[PDB]
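Atoms within each ligand, like the ligands themselves, are counted from 1 in listed order. Residue numbering restarts at 1 for every chain, and letters A, B, ... go by the order of the sequence lines. Hydrogens, waters and symmetry mates are skipped; everything else that's a heavy atom, side chains included, is used.
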Amino acid sequence: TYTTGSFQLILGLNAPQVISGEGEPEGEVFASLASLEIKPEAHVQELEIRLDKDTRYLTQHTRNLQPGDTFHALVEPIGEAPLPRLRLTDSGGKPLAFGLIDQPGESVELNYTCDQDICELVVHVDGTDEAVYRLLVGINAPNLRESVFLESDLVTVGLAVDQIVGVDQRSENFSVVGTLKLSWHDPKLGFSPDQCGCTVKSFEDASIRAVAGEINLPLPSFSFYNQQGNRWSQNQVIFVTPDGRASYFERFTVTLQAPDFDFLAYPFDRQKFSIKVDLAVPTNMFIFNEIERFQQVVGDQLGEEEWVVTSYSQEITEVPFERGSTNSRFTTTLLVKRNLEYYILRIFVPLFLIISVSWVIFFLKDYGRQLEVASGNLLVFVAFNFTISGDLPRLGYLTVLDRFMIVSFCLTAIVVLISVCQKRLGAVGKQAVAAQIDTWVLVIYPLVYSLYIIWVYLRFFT
Amino acid sequence: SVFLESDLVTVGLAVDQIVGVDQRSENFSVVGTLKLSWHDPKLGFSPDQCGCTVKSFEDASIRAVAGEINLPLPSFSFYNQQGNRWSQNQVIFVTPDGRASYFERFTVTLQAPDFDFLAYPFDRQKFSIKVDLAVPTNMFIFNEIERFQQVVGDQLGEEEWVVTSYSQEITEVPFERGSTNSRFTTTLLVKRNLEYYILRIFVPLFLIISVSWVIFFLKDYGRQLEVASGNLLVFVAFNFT
Ligand SMILES: [Ca+2]
Ligand SMILES: [Ca+2]
């Protein structure tokens, strides 16, 4: 490949000390730059820009200009959009030129010439008196009638999840173990091998912020948006190639807040585990551009897990940033569900059998036995309820399971009340009414249970 | 003006989530955001000396920045803070004219000895967050309140505590070494979920009591005695459930 960088050139005429590399300037000059003999090379760039309702002001930064250079810019709307104002300022905000509306009043143009040793310019386009405009800019190109701007550095990102290690249903947070990777290109980080005799330079056990502060160069630092407390990190390394290609690697264990949890439909609920990585720099410096899948996003492990992942996705977006501008965001989302067989077999079948015991006793015609069995079955129900109390999260609000337990307990107690009434009726000599009540209860109870189940399904799952 | 004047500070606070309440030690934990803004000509700089329009400090407290630049700044603390405070996105940035602002995302635990649980579960409580300046009132004073977001944010799903109303106010309190310091207070009025307690406790209790009431219609007193004895055991079982 070729190479890039700055250089120092020493030329001598009949001065044998030059080949030592230490020749100090002397005598009268004899050579000059060749490019000065011809017209300077022009650079031209065109951009399409749009001023949304909340984004009526736009600014762009230019590359450095050498003394004697010239700058030209013009703006022409795509359609019937009104002509915006155009102006040019340096990096401090000092005005240098203002746009002039042409006599065929469809465009605005600007011109400037460089006096200082180094000039850094900013182009302002504003319509704050879906409009879309065409912006044309050139250096040493007066023929604009018939890259100049700086470009953001592109970052590649990737993330993999190894294990979900905990979920807190009262404080609404979860913890995850995984791996993160970043990669970008920066010519300012390049070095010359002959000064170190090596091809790879590395930094270990340091955050990107610390390395950036040590080498005094801007780097794409990041943070987890919903991080709770400190983060544990292993195998943290940064290494750079002579061309300037850099990469970051980290293995992390972190706890993330998740206020989006909703446990109303427990245990039939479905949840989302979202992991957000945000750059700590403005979008005009660094931006996420590509997604790399270095491993499986969701890793398989031996044995069963409490949460089963159904699907996942990865996406890049932009979010508002402090001190204006914008910062990039990388999001990983996992869709998870619980193990249904566990809850069904552990809770619902025994509950059904307990309910059946209280239902079947109405076939008896000896009401004392019916009363005694109902009284015993209520105690059995309460004992089973606290036995399963361990799988009953205390959240401060009702779930589906709590409502079902309450309804079942109420019906079980009403059975005892009806049994007492039937016993009294049989004692007074009205056995026919007791038999009619038995038939009514035997018909009605399963209908009530089925109707309650239908109502719950309608009100919670559709 | 002949006499020196205090610098005017604008403050704002937002609550994102209440993450826990301790009823025995009487404290609670909250997640939110804090913002400060003030103007000081001594912080001004010349753009041509940096080639920039904004100067920033990151991951540092106001006290540390004040000690680094050797100028007085409006430091602050949480009055009832328990233990260390977790902070994210901490930044201070200044404009050439001298306008400065502070930003912080925090998670903190605050003591609350004012809790009163006598009327449980029908009790109502106040969650109060107090921010005090660590400087005398003749140097810095809170002047205005900024509502940069909703004061109490909405979250998907139900919460254990329901916020009924809120308020924000600025006052003055006595300070060490005399004088006075400013205080900014945010108060949330909260209550519990009543349907949960009513349906989970009172209806089953009513049915259990009715079982012991109905048995007096019987004229076979052995059956009445046996059913009463069983119902007492059922009552104890439900109580420990
Ligand atoms: Ca929630
Ligand atoms: Ca108290």
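For the pair A:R231 and A:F224, the cation-pi test (distance below 6.0 Å, angle within 45°) is failed.
Within the 3.0 Å limit, B:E158 places no N, O or S atom next to the Ca ion (ligand 1). Residue B:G157: no N/O/S atom is found under 3.0 Å from the Ca ion (ligand 1).
Around atom CD of A:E304, no more than 12 heavy atoms belonging to other residues, nucleotides or ligands sit under 6.0 Å away.
Rounding to 10°, one obtains 170° for the angle at the Ca ion (ligand 1) between OE1 (A:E172) and O (B:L156). Angle O(B:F115) to the Ca ion (ligand 2) to O(B:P113), rounded to 10°: 110°.
Contact between A:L180 and A:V157 at its shortest, heavy atoms only, is CD1-CG2, 4.3 Å.
Between the side chains of B:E195 and A:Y397, no donor N or O sits under 3.5 Å from an acceptor N or O.
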